[PDB]
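Chains as they are written, first to last, in PDB author numbering: chain F, 3 to 168; chain B, 154 to 348; chain G, 8 to 29, 35 to 119, 121 to 151; chain E, 2 to 174; chain C, 2 to 288, 319 to 372; chain D, 1 to 206, 212 to 282; chain A, 2 to 39, 52 to 354, 359 to 416.
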Amino acid sequence: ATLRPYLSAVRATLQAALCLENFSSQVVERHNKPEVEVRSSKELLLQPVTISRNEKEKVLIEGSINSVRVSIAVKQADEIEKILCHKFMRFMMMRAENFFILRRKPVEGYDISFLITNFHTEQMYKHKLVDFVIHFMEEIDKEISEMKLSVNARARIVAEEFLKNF
Amino acid sequence: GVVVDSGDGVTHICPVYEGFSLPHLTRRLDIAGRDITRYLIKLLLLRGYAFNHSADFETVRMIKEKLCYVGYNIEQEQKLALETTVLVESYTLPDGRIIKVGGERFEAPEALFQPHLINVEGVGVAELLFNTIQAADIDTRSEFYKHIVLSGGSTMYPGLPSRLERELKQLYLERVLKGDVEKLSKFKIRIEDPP
Amino acid sequence: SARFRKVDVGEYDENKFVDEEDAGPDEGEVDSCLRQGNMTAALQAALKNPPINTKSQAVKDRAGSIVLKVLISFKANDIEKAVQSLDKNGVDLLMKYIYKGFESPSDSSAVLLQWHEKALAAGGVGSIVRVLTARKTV
Amino acid sequence: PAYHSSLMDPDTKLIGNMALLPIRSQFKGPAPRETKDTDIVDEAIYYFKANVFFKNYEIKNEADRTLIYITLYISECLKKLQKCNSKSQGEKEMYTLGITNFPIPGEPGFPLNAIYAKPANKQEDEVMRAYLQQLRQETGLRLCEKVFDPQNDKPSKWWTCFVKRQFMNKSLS
Amino acid sequence: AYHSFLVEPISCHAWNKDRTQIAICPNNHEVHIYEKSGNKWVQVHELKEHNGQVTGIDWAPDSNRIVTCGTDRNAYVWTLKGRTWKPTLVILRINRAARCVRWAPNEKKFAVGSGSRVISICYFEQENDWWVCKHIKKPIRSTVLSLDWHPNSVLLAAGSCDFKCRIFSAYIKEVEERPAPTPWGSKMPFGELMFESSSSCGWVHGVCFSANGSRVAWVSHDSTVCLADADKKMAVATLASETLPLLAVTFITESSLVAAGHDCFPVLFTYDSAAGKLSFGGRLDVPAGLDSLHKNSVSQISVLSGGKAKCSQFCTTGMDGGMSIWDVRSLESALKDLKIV
Amino acid sequence: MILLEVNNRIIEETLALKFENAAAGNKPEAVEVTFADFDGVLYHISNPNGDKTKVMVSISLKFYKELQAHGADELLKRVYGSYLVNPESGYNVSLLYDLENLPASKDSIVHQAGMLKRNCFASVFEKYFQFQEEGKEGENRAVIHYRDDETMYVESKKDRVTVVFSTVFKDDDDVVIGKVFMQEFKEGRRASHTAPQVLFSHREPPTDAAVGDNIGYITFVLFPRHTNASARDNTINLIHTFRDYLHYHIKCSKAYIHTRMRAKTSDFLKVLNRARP
Amino acid sequence: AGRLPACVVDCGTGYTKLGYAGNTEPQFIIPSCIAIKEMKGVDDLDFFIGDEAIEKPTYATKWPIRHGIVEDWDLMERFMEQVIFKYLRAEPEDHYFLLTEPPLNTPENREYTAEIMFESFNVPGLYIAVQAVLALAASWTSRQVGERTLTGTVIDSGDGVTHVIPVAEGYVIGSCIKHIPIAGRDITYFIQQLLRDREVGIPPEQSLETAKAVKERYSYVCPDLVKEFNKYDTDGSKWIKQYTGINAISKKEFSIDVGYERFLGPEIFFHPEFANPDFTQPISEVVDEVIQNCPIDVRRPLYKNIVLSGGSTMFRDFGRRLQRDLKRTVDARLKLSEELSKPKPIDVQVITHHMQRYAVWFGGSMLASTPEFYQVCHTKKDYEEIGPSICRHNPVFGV
Ligand SMILES: COc1ccc(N2C(=O)CS[C@H]2c2cccc(Br)c2)c(OC)c1
């Protein structure tokens with residue numbers, strides 16, 4: 003219902019925020035670092051913005067001269083989704099070294115966070131990375147529902163297989 | 154000025170006035186090259202890689218030499234290692250196996266600034282320099298601080314100079330300015346990195 | 008000894024950056045045109061005189077809601093029309109406000126996603142870029 | 002490693018590069034006369050079952066060339082002897098198979114040409130052609146009073162099996 | 002007309018006098034020089050000496066000397082000693098990364114914006130036989146991205162992360178004579194601040210001086226293009242773009258600007274001195320997954336022939352490893368409505 | 001494997017290999033084996049006195065007393081007769097087997113030895129099943145502490161017998177998944193109405214049976230058709246493996262979800278890696 | 002240590018040995034395979062492991078533990094569900110676990126293992142041991158050593174492949190490991206082939222089996238080949254054994270004479286060229302090499318403590334042969350250092370002990386019995402605060 007207008011608005015912003023370049027450090031002799039992370043040079047940091055669907059769903063984009071940090075707040079109506087989302091997000095973060103645009107830990111208040119740097123936009127079509135984050139916001143909700151049905155689908159088969167042997 | 158020469162052998166903070174050197178002021182630190190290569194090894198172990206101290210030393214030297222650096226703000230270099238993957242770099246070993254390096258890139262050299270990390274007693278190169286210069290005629294001070302030259306294979310760590318300049322600017326604001334912030338702006342430290 | 012490090016000497020480093028810092037629409041004319049079936053006017057009403065410089069949050073927050081109130085009080089097939097009666101300066105400001113309303117989700122974040130959509134066709138992706146670059150926003 | 006010969010004397014005549022090792026036999030040939038109990042042909046037959054399994058054999062003496070020759074030939078007899086029915090019958094098969102002229106060094110067909118020297122002239126070519134058939138004859142019969150079971154008409158399947166294996170993967174055929 | 006030299010970004014490029022060779026930094030710690038043979042490109046030189054990533058290259062046409070600035074805080078002057086090039090270390094006295102370099106029209110000196118928040122100016126002193134430099138520091142409060150000398154080898158435009166486009170004076174009396182008046186002003190002592198844009202938004206990615214040097218334009222990260230006319234009281238005209246920020250710009254005539262950037266394709270702007278008003282002239286790259324010639328962001332554009340006065344051929348390079356070459360005339364025939372100047 | 005086996009494989013496979021060797025006539029092997037079974041059970045298999053021709057199989061249950069007080073000892077003898085002997089120092093029950101005096105068809109002594117653990121429980125259920133089958137109501141309830149922090153409450157009534165576990169899901173997570181499974185159980189009568197009605201209760205018991218964030222009260226309700234002699238044995242084989250069944254399946258889910266998350270993340274690692282040139 | 006003992010799982014190439022700690026042998030020993038149907054409903058559970066899975070009709074037989082190609086976690090995880098809830102019948106939440114890992118197992122794997130053990134199964138403790146090391150501990154039992162240590166050359170040979178592995182004080186000198194293309198599988202094929210060229214009437218299918226049976230019933234390592242063939246050809250009665258199987262088809266009995274292969278099989282370990290064109294280096298050299306590409310200062314402590322491990326180290330006189338060979342190589346070397354001058362004799366000693374077939378599982382059983390084990394072992398809490406990362410390092414302990 004309200005999903006296309008939400009993602010289309012986040013796609014726009016992800017395009018605006020993902021224009022960056024290599025930037026050596028002003029603060030440290032021969033160091034290069036995600037300015038949106040360290041944050042030791044305010045002029046190099048863009049304004050943080052937020053796109054919100056409802057009161058629970060929203061994305062946080064924090065730009066910088068050489069890196070963006072996106073934090074998504076996934077959907078969760080009941081307690082089974084809540085733990086499913088949670089185990090899932092942590093599953094990926096644990097493998098962040100292979101999912102290189104993923105940030106090991108979220109950002110206080112968010113279920114998951116990406117950290118796209120210039121070295122990424124340099125080695126990958128940035129219009130795609132913007133696709134993939136929109137494709138992620140779409141696929142993580144579909145997967146959380148499969149899992150939710152998977153659990154029930156078996157919770158019942160497992161109860162009938164026992165209750166029927168009496 | 155003061156030549157902070159450190160190689161694969163040992164660290165030295167030897168001051169020099171107009172003519173030659175003033176031995177009574179030159180000091181030592183028990184943390185050189187070999188001492189940072191090992192702490193790396195002992196650091197790559199806690200990560201999942203077991204290298205033989207007497208058989209992979211040479212291979213870990215290069216790893217250090219290639220990915221090791223001095224952190225500037227350790228509290229910030231930690232959030233980068235823990236909260237993100239930006240510091241992680243791959244490295245192919247001689248046999249072909251491909252390992253990873255991260256936090257242990259900056260942690261291995263941090264010994265120079267916290268000797269205890271490798272259980273050695275001292276105050277660490279930086280806090281050692283500051284003392285070697287206050288231990289000189291106040292009227293020969295301005296010169297030294299204005300002239301600190303780094304030499305030795307173990308002084309080429311990316312960000313080394315920027316750390317000293319921060320360490321010193323720290324030791325000053327406290328032990329020579331008693332915490333008076335409104336006068337640090339007057340402290341001029343020039344640490345040159347002569348190629 | 009590991010005490011001298013508790014202090015950030017970079018704070019006072021004379022070679023640091025700082026902006027050159029230093035007043036809100038008139039409710040009346042806003043609510044006046046609003047309550048009169050003249051929304052395309054109310055929008056132009058609010059968008060006039062943004063608190064871009066008021067060092068206060070309470071103030072910037074005031075204009076935020078006046079605009080916030082003008083956008084929500086719009087019909088579906090009504091936004092676009094009034095979006096196109098605004099110069100680039102207008103659009104660019106609206107888009108600025110639209111990302112302010114995004115921080116107060118209120119049963121409103123679906124209507125804004127409509128505004129954003131319209132203002133995006135008019136202002137382009139550049140009007141969003143200018144919202145991220147502003148060093149003096151609402 | 003593979004089994005080497007130990008008959009190398011501080012003065013053993015040489016036909017080409019192959020050691021002209023003494024053997025006890027009644028066939029005609031340049032082969033000297035042995036005074037000791039065993040000869041290079043025995044030594045070859047004793048080591049066969051082992052050597053045959055080796056792909057690589059280091060030539061250490063002019064003596065190993067011969068040992069290697071005899072060995073390769075032995076597998077040739079087991080090829081033949083595999084299909085016959087009596088010690089009396091084989092005693093004849095090992096006569097022909099021994100008279101036939103198998104490719105010698107220098108010739109196309111004789112494997113290991115990179116190891117064996119070709120006769121340096123018509124005389125050697127005749128001597129070496131003799132001191133070879135002589136060995137194909139003695140090593141020829143001696144293989145019979147072994148291969149065949151005391152119960153004639155029985156080629157001991159304990160030799161029949163090595164018929165499919167080639168020493169150093171080479172073959173005089 | 003595109004050509005890929007690699008898939009990794011081209012850091013910076015600098016053609017020689019003839020436009021017979023091109024020098025590039027393949028996101029590497031070195032510079033690669035390509036010559037053209039027929040319609041095939043052929044690497045002819047590898048300039049290795051830097052110990053950091055090269056950030057800028059500039060070729061001195063008549064003297065045929067190359068100057069390169071790294072992240073290793075150094076700068077080298079490359080001289081062709083017959084067959085190969087020997088570098089010479091130039092101490093810029095900085096503690097951060099060199100970010101861009103430009104030789105002055107007179108090839109007597111080169112500028113070097115940097116992270117130490119200071120521009121450097123160097124010149125050779127045949128007295129002691131080595132280079133030296135003086136710094137233009139105030140009022141520079143951040144990293145210096147782009148530089149562009151004025152035709153008189155004295156004024157210098159500078160764009161920096163502190164959101165400002167500035168014109169300075171690099172007047173070094175020890176190598177050139179007193180500067181003559183300029184609409185920008187008559188007082189031109191070393192480091193003098195002649196002009197400064199009045200914006201607090203967007204970083205200044207690129208700055209360009211007009212052919213007659215009385216007009217300077219710059220591109221900021223707020224997706225705006227700007228031009229200040231020295232013959233109108235330095236009154237600045239601004240165009241609010243509707244797409245992504247530009248990272249490079251150059252004049253192709255006295256009233257025509259061409260800028261490429263994050264949209265990966267070059268566009269055209271035309272200044273109407275009458276009303277002191279800039280305007281969008283349209284896209285010039287008109288038809319992976321992109322409909323643009325370049326695949327990644329275009330980060331440097333230079334004039335290949337016809338100077339900034341009447342440009343006929345300009346060239347662009349980007350992070351996609353590709354170097355394009357455009358034809359101002361061809362583009363005019365491909366787009367009826369393309370109204371240059 | 002949906003249901004958990006009741007027979008304990010190490011007991012059967014250890015005996016079977018010793019009887020086999022005894023029959024074939026080989027010189028007997030020394031055997032010493034320690035191992036366990038669900039719910040804190042510990043087993044031991046050894047040669048008393050070092051008599052390699054004698055093989056003992058003793059079981060240990062911290063809650064034996066509670067079982068003993070309900071017919072355990074009695075029933076255990078009826079079932080193992082002369083194989084039963086004085087319990088080993090450390091365990092409550094012991095079975096002995098002379099390797100020189102084995103029956104004809106060993107297959108049933110081996111089968112029953114593996115059912116050892118199950119047999120000590122069979123008592124308390126068989127008991128209360130009888131009460132119901134006689135009408136002897138009001139009888140107090142058995143209270144077996146099968147786990148340090150868990151309890152089963154059996155007790156009979158006129159027309160129905162009730163077993164009530166009070167299990168504990170460690171991980172705050174498991175409580176969530178758990179409720180899913182229990183919901184299906186409380187609705188099982190829609191797939192098998194001639195089955196034990198089931199009930200559930202979160203954090204609080206339906212004495213002072215602990216209340217906690219991670220505690221739940223599953224309450225089966227057996228009916229004659231399950232508690233009678235015709236059924237009885239089967240009903241006990243299920244009902245006593247329940248608690249372990251539930252946790253077995255709550256963990257098998259989590260492992261399933263993992264295989265999902267694996268492939269889903271492998272998908273994501275594909276889209277991702279295709280943005281590269 | 003509580004009332005219950007720790008579970009000890011040693012997943013190998015073809016065989017997974019498991020059981021509780023303290024015991025001198027594994028309660029179970031099964032084929033490292035799992036069979037499945039190739052998931053909605055509960056089909057994930059519909060599988061089998063070990064023996065119960067080698068030929069399951071409507072089922073697919075996998076073998077996820079291979080020295081060769083990528084590991085399957087979906088499978089590995091299941092195979093553990095049964096290893097736990099069916100074979101050891103152990104409530105996981107109540108036992109510590111000691112799993113093993115091959116040499117060079119990457120740190121990432123451990124985190125995965127641990128992601129499974131702690132999040133799926135909830136084990137309150139875990140410790141990842143390294144096979145080659147436990148096998149070293151397992152040799153302490155040997156009455157050849159009354160002096161412990163974790164510094165030695167572990168020559169492990171199972172069915173898949175053989176590894177000559179050096180170890181300096183509990184740590185595998187990874188960069189010096191050498192592999193050998195000779196193991197059980199090869200000795201079998203070879204013996205198999207030697208039978209085809211001689212024996213008659215062996216059921217083409219049961220061909221492999223008769224071989225595997227000959228290998229395990231009559232194979233051994235001899236000191237010399239000419240002398241062995243001699244013995245056999247002379248006193249033929251004394252040596253030629255006899256085998257008789259049952260034709261799986263015509264349900265008829267077939268007889269054959271087991272001959273040369275008895276000693277010729279295990280001989281491929283010392284003359285690989287006998288049945289492998291590519292390889293040729295005698296296992297004794299490989300071991301010489303490995304200790305030479307090792308820290309000079311720790312070579313002697315590697316030559317005096319070569320610990321056999323693995324079913325294929327069993328052939329009667331394997332060590333006696335290995336050690337004579339090694340000693341001849343090493344001694345001949347130092348003999349020339351004199352013919353170019359006289360060093361100090363090198364002490365080469367190969368260790369054979371009663372627990373070789375399952376050395377690895379033995380050592381892991383013994384070590385998980387000590388109290389010291391419960392200390393150098395990562396716990397539940399430690400995991401729910403520092404996470405997976407911890408299981409990357411496992412403190413060596415014992416010495
Ligand atoms: C090839 O499939 C495997 C992948 C990984 C491992 N293991 C590890 O990486 C850590 S210890 C071992 C293992 C052993 C048993 C269960 C589990 Br889960 C993991 C494993 O055991 C050697 C097999």
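We treat Cβ as the ideally placed atom computed from N, Cα and C, and that holds for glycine.
For this session: For residue 56 (chain F), go through chain G and note every residue whose CB falls closer than 8 Å to its CB, in chain order.
Result: Here residue 56 (chain F) corresponds to residue number 54 of the first sequence, with the count starting at 1. Under the 8 Å cutoff, chain G gives 117, 122 and 123.
For this session: Pick helix, strand or coil for residue 303 (chain B), following the three-state DSSP scheme.
Result: The sequence position of residue 303 (chain B) within the second sequence is 150, counting from 1. In the structure shown, residue 303 (chain B) sits in a strand (DSSP, three-state: E or B).
For this session: Could you tell me whether the Cβ atoms of residue 120 (chain A) and residue 202 (chain B) are closer together than 9 Å?
Result: Here residue 120 (chain A) refers to the residue found at position 107 of the seventh sequence. Here residue 202 (chain B) refers to the residue found at position 49 of the second sequence. Cβ atoms of residue 120 (chain A) and residue 202 (chain B): closer than 9 Å.
Problem set entry | Sequence-distant residues of its chain with Cβ nearer than 7 Å to residue 1 (chain F) (five each side left out) | Residue 1 (chain F) cannot be examined here, being either before or after the span of chain F that is shown, 3 to 168.
Exercise. From residue 264 (chain C) to residue 279 (chain C), what distance separates their C-alpha atoms?
Worked result: Translated into positions along the fifth sequence, residue 264 (chain C) becomes position 263. Translated into positions along the fifth sequence, residue 279 (chain C) becomes position 278. The straight-line gap from Cα to Cα measures roughly 20 Å.
Exercise. Is the beta carbon of residue 94 (chain A) within less than 8 Å of some heavy atom of ligand 1?
Worked result: The sequence position of residue 94 (chain A) within the seventh sequence is 81, counting from 1. No, Cβ of residue 94 (chain A) sits at least 8 Å from all heavy atoms of ligand 1.
Exercise. Of all the CB atoms in chain A, is at least one closer than 9 Å to the CB of residue 161 (chain F)?
Worked result: On the first sequence, residue 161 (chain F) is found 159 positions in, with the first residue counted as 1. Not an interface residue.
Exercise. Once you ignore the five residues that flank residue 135 (chain C) on each side, which residues in its own chain have a CB closer than 6 Å to its CB?
Worked result: Position 134 of the fifth sequence, counting from 1, holds the residue named residue 135 (chain C). Taken in chain order, the residues that qualify are 122.
Exercise. Bridge partners of residue 254 (chain B), per DSSP?
Worked result: For the purposes of this step, residue 254 (chain B) is identified with residue 101 of the second sequence, where counting begins at 1. BP columns for residue 254 (chain B) point to B:242.
Exercise. Quick one, are the C-beta atoms of residue 144 (chain G) and residue 104 (chain G) less than 9 Å apart?
Worked result: Position 131 of the third sequence holds residue 144 (chain G). Position 92 of the third sequence holds residue 104 (chain G). A distance below 9 Å separates the beta carbons of residue 144 (chain G) and residue 104 (chain G).
Exercise. Considering only residues of the same chain and omitting the five flanking positions on each side of residue 306 (chain C), which have a CB-CB separation below 8 Å?
Worked result: Because chain C is numbered from 288 directly to 319, the model contains no atoms for residue 306 (chain C).
Exercise. With a cut-off of 8 Å, do at least 3 Cβ pairs link the segment 194–214 of chain B to the segment 247–261 of chain B?
Worked result: Judged by pairs of C-beta atoms under 8 Å, the segment 194–214 of chain B touches the segment 247–261 of chain B, as three or more such pairs exist.
For this session: Give me the Cα-Cα distance between residue 242 (chain C) and residue 226 (chain C), rounded to the nearest whole angstrom.
Result: Translated into the one-based positions of the fifth sequence, residue 242 (chain C) becomes position 241. Translated into the one-based positions of the fifth sequence, residue 226 (chain C) becomes position 225. Approximately 7 Å, taken between the alpha carbons.
For this session: Give a yes or no on contact between the segment 56–67 of chain D and the segment 28–43 of chain D, applying the rule of three or more CB pairs nearer than 8 Å.
Result: yes
For this session: Would you mind reading off the limits of the beta strand (DSSP E) that contains residue 133 (chain G)?
Result: Counted from its first residue, the third sequence places residue 133 (chain G) at position 120. Where residue 133 (chain G) is concerned, there is no enclosing beta strand (DSSP E), although the alpha helix (DSSP H) it sits in stretches over 125–136.
Exercise. For residue 14 (chain G), which residues in chain B fall below 7 Å Cβ to Cβ?
Worked result: Sequence index remark: in the third sequence, residue 14 (chain G) carries index 7 (1-based). The contacting residues are 323 and 326.
Exercise. Using a C-beta cutoff of 9 Å, does residue 10 (chain C) count as contacting chain F?
Worked result: Taking the fifth sequence and counting its residues from 1, the one referred to as residue 10 (chain C) is at position 9. Closer than 9 Å: yes.
Exercise. Is it the case that the Cβ atoms of residue 29 (chain A) and residue 100 (chain A) are separated by a distance below 9 Å?
Worked result: Walking along the seventh sequence from the start, residue 29 (chain A) turns up at place 28. Walking along the seventh sequence from the start, residue 100 (chain A) turns up at place 87. Contact flag set, yes.
For this session: Report yes if the C-beta distance between residue 297 (chain A) and residue 342 (chain A) is below 9 Å; otherwise report no.
Result: Position 284 of the seventh sequence holds residue 297 (chain A). Position 329 of the seventh sequence holds residue 342 (chain A). Yes, they are a contact pair.
Problem set entry | CB contact flag (residue 6 (chain E), residue 67 (chain E), <9 Å) | The residue given as residue 6 (chain E) occupies position 5 in the fourth sequence. The residue given as residue 67 (chain E) occupies position 66 in the fourth sequence. Yes. Within cutoff.
Exercise. Could you give the uninterrupted runs of the alpha helix (DSSP H) lying entirely in the segment 204–254 of chain C, keeping only those of 4 residues or more?
Worked result: Listed in chain order, nothing qualifies, since the segment 204–254 of chain C has no complete alpha helix (DSSP H) run of 4 or more residues.
Problem set entry | Exposure label - residue 253 (chain B); buried when at least 16 CB within 10 Å | Along the second sequence, read from residue 1 onward, the residue named residue 253 (chain B) stands at position 100. Answer is buried; the Cβ neighbour count reaches 16.
For this session: Compare the Cα-Cα distances from residue 112 (chain B) to each of B:279, B:162, B:290 and B:285 and report the closest residue.
Result: Residue 112 (chain B) lies beyond the stretch modelled for chain B, which goes from 154 to 348, so this question has no answer here.
Exercise. Starting from residue 152 (chain F) and walking both ways along the beta strand (DSSP E), at which residues does that stretch end?
Worked result: Stepping through the first sequence from its first residue, residue 152 (chain F) is reached at position 150. Here residue 152 (chain F) belongs to no beta strand (DSSP E); instead the alpha helix (DSSP H) covers 128–165.
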